[PDB]
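**Student:** Experimental coordinates for this protein are included below, preceded by the sequence.
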Amino acid sequence: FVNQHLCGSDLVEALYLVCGXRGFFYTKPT
Amino acid sequence: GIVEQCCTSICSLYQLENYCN
């Protein structure tokens, strides 16, 4: 993938395809 | 976090796969 920048949704949308579901860690609060 | 890592610079879906439960 070219220019693979993941900001905001692209971070969860990208992880949405990399994980295909099963939940993911697009973020990480305290 | 993975954000700036993928926002300040692009990462690789392979790495994101490491954020999938």
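**Tutor:** On my side now, so go ahead. Residues are numbered from 1 along each chain as shown, chains lettered A, B, ... in the order given.

**Student:** what about the helices in the chain?
**Tutor:** I'll assume chain A. A:9-19 (DSSP state H).

**Student:** look at chain B instead
**Tutor:** For chain B, the helices defined by DSSP H cover B:2-7, B:13-16.

**Student:** helices or strands next to the first one in the packing?
**Tutor:** The helices and strands touching helix B:2-7, judged by 3 or more C-beta pairs under 8 Å, 6 or more residues apart in numbering or on different chains; DSSP states H and E, are helix A:9-19, helix B:13-16. C-beta here means a position set from N, CA and C on the backbone, and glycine is covered the same way.

**Student:** Can you get me a residue count around whichever residue of chain B sits closest to chain A?
**Tutor:** Closest approach between chain B and chain A, counting by C-beta to the nearest C-beta: residue B:20, at 3.1 Å. Other residues within reach of residue B:20, judged by other C-beta atoms under 10 Å in any protein chain shown, total 15.

**Student:** cool, residue A:11 as well?
**Tutor:** 23.

**Student:** Would you quantify the distance from it to chain B?
**Tutor:** Separation of residue A:11 from chain B (C-beta to the nearest C-beta, to the nearest Å): 6 Å.

**Student:** Test my guess that that residue contacts residue B:5.
**Tutor:** No. In this structure residue A:11 lies outside contact range of residue B:5 using C-beta atoms under 8 Å: 9.6 Å.

**Student:** quick one on the thing from earlier: tell me which of the helices of chain B lies nearest to residue A:22.
**Tutor:** Proximity to residue A:22 (C-beta to C-beta) singles out helix B:13-16 among these, at 12.6 Å.
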